[PDB]
Amino acid sequence: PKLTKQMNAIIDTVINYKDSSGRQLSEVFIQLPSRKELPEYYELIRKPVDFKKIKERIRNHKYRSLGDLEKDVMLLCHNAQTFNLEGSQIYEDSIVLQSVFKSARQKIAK
Ligand SMILES: [Zn+2]
């Protein structure tokens, strides 16, 4: 009950986070492109995930702990760093989002 509350609070801090420029870094990660526009993603990436899917898993009670949630958030970021070039905007945003998740988790449910 407060597990669900915690998870939404943690994921909402990640989703809503903005850099010093005002840009919402999560935008690109909310929903993957489908197989059609981007076929190359699904051939290289073995376990695709997006924040909509993570939100679905929280809502439907699929995460047993904060650790299980963290595993999916770390996968999202890892997939982004696999698909995109080191130093690209998307790669670097995923790095910051990893760290946003960890801080939010420490702040919210130490
Ligand atoms: Zn429910």
Side-chain angles (χ1 to χ4, degrees), residues 1-4 6-39 41-110:
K2 75 171 197 186
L3 187 65
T4 307
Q6 281 162 355
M7 294 185 164
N8 282 309
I10 292 168
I11 291 296
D12 292 345
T13 307
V14 175
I15 291 314
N16 291 335
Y17 172 97
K18 293 169 191 296
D19 68 7
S20 68
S21 304
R23 180 167 70 76
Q24 198 179 90
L25 306 187
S26 62
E27 299 175 71
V28 158
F29 305 97
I30 304 310
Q31 174 173 326
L32 279 165
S34 55
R35 312 209 176 162
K36 187 161 187 197
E37 324 84 287
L38 196 47
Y41 187 91
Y42 292 84
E43 280 165 42
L44 165 60
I45 308 302
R46 55 171 225 89
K47 306 230 296 198
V49 64
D50 57 27
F51 284 118
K52 190 177 59 155
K53 174 66 64 164
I54 289 176
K55 290 285 281 185
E56 172 188 1
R57 294 169 181 171
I58 293 170
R59 187 165 70 247
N60 290 341
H61 305 302
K62 299 314 186 170
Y63 293 128
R64 209 160 203 72
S65 56
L66 296 183
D68 296 327
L69 173 61
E70 179 163 343
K71 177 184 339 198
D72 267 353
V73 174
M74 292 311 102
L75 179 63
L76 189 153
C77 295
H78 175 60
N79 290 338
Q81 291 153 40
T82 306
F83 189 69
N84 300 277
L85 294 169
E86 182 186 338
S88 65
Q89 175 174 287
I90 297 322
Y91 183 108
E92 292 302 324
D93 284 350
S94 79
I95 293 295
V96 173
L97 293 175
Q98 287 166 329
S99 161
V100 179
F101 181 89
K102 295 257 184 53
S103 303
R105 178 181 176 179
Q106 293 284 116
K107 178 224 206 321
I108 283 169
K110 185 56 155 42

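Counting begins at 1 with the first residue of the sequence. Reckoned from all heavy atoms, side chains included, excluding hydrogens, waters and symmetry mates.
Each of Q81, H78, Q89 was evaluated against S94; a single residue qualifies, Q81, per the side-chain hydrogen bond (donor to acceptor under 3.5 Å, both in side chains) test.
Summarising the geometry of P33 relative to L38, their closest heavy-atom pair is CG-CD2, 3.9 Å, with the distance given to 0.1 Å. Closest heavy-atom contact between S88 and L85: OG-O, 2.7 Å.
Atom CD1 of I11 and atom CZ of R59 lie 13.0 Å apart (nearest 0.5 Å). In this structure, CE in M7 is found 12.5 Å from CZ in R57, a value given to the nearest 0.5 Å. Between the CD1 atom in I15 and the CG atom in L25 there is a gap of 10.5 Å [rounded to 0.5 Å]. With values rounded to the nearest 0.5 angstrom, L69 atom CG is found 8.5 Å from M74 atom CE.
With sequence neighbours excluded, no residue forms a side-chain hydrogen bond (donor to acceptor under 3.5 Å, both in side chains) with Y17. With sequence neighbours left out, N16 forms a side-chain hydrogen bond (donor to acceptor under 3.5 Å, both in side chains) with no residue at all. Remark: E70 engages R105 in a side-chain hydrogen bond (donor to acceptor under 3.5 Å, both in side chains) (not counting sequence neighbours). For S65, the side-chain hydrogen bond (donor to acceptor under 3.5 Å, both in side chains) test picks out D68, with sequence neighbours left out.
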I90 vs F83, side-chain contact (heavy atoms from CB on, under 4.5 Å): CA-CA, chis, key distance, verdict: CA-CA 9 Å; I90 297 322; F83 189 69; over 6 Å; no
Would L66 and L3 count as a side-chain contact (heavy atoms from CB on, under 4.5 Å) if you check the C-alpha gap in whole Å, the side-chain angles of each, and the deciding distance to 0.1 Å? CA-CA 8 Å; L66 296 183; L3 187 65; 4.0 Å; yes
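Distance alone, capped at 3.5 Å, places no donor-acceptor pair between the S103 side chain and the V100 backbone. Checking side-chain atoms of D19 against main-chain N and O of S21 turns up a donor-acceptor pair under 3.5 Å.
Among residues at least two apart or in separate chains, salt bridge (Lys or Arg N to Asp or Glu O under 4.0 Å) pairs with a member in residues 84-93 are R23-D93.
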Which pairs of donor and acceptor atoms, one on a side chain in residues 45-56, lie under 3.5 Å apart (sequence neighbours left out)?
from	atom 1	to	atom 2	distance (Å)
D50	OD1	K53	N	2.8
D50	OD2	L32	N	2.8
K53	NZ	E56	OE1	3.1
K55	NZ	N8	OD1	3.1
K55	NZ	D12	OD1	3.0

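By the criterion of side-chain heavy atoms lying less than 4.5 angstrom apart, applied directly or through intervening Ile, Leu, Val, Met, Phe, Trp or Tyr residues, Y42 is grouped together with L44 in one hydrophobic cluster.
With side-chain heavy atoms closer than 4.5 Å counting as contact, directly or through intermediates, the hydrophobic cluster containing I95 also holds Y91.
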